[PDB]
Each structure stands twice: as C-alpha cells, then as structure tokens.
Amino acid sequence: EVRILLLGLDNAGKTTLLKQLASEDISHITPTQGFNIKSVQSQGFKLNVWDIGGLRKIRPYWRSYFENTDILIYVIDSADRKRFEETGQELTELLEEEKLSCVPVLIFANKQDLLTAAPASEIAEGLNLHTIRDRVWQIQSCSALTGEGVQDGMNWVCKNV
C-alpha cells in the first residue's frame, strides 16, 4: 500500500490532478486550505495520495506530512514562468529534507495544454534537475485539465514503488 505526497506551489494544479486520478469533476475545485486524501488504484497498487495546500503561508505545514512518504509527486505550473524561481527554490529545499531522503520524486510539468507553456526540456535543466543524485527522479509533461500525460507519470510511479 503506497504513500504519495502531492506538493508544489499554490495554483500549480495539485488538486485538479488528484481529482483526475480519481476520475471526478474538476470544475469546482477551490484552493486548498488544509489538505485532501484519496485512494487510487493504478497498475495493481492502492495509492494513498496526500494533496496538500501549497500557498506560501501554509508551506510550513508541509513538514508535518513527510513521514513515511513513499513517493513525492511535485507539480509545477509550466505556464507560469514568473514563478519558476519560487518553485525552483521550494523543490530544492524538499530534496534537502532528511525525512524525504531516498524518496523517488516525479515532477509534473503541468498545464502543457497552454500556450506559454514551457516544455519539460527547459524546466528540467532550468532547475538543473540533472544534478539530483540522491534519488530516482523523472519529469512528465502533462495537463491536469485534459488528463493527458498523467497516466505516463503514474506508470513511472508504479515502476519505482
């Protein structure tokens, strides 16, 4: 039984992603105060995803969830270049976290359905991800809106449980 942590900046699309995995309505998703839990079957695994509020003010609560995390899924708004640096910094601090040591991380380059959307190529080395050697990692272009590319990320997650 697999423990998934869903993090990333406010507005990146964490909850929209969570509800797509559970295959549910996505048009009434409100910003998250607190957090959301959902079980999802994929590939033969029972996945418990923790969808945590991601705005600046509540990020200090992230820590209280690191415990027993099997997989970190980290979501980025690909179509918000202005915050690339801010998410750049949150990700780098997560991977420094002792309680998350060795934990496989999947990065979702989300919102590729969009125009300004920077490709997985540019974001990856924009955050110099290739200098992660603490753990296994992957970048998946996706759109939590249409659900496209999501399954491909989840397949990698299962591969690495």
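Numbers for residues come from their place in the sequence shown, where the first is 1.
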Quick check: 11 to 19 versus 134 to 142, which has the larger average CA B-factor in the record? 134 to 142
I need to verify one thing: averaged over C-alpha atoms only, is the B-factor higher for 50 to 58 or for 109 to 117? 109 to 117
When you compare the CA B-factors of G44, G34, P31, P104 as listed in the entry, which one comes out on top? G44
Of the three thirds of its chain by CA temperature factor, lowest, middle or highest, which one includes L5? lowest
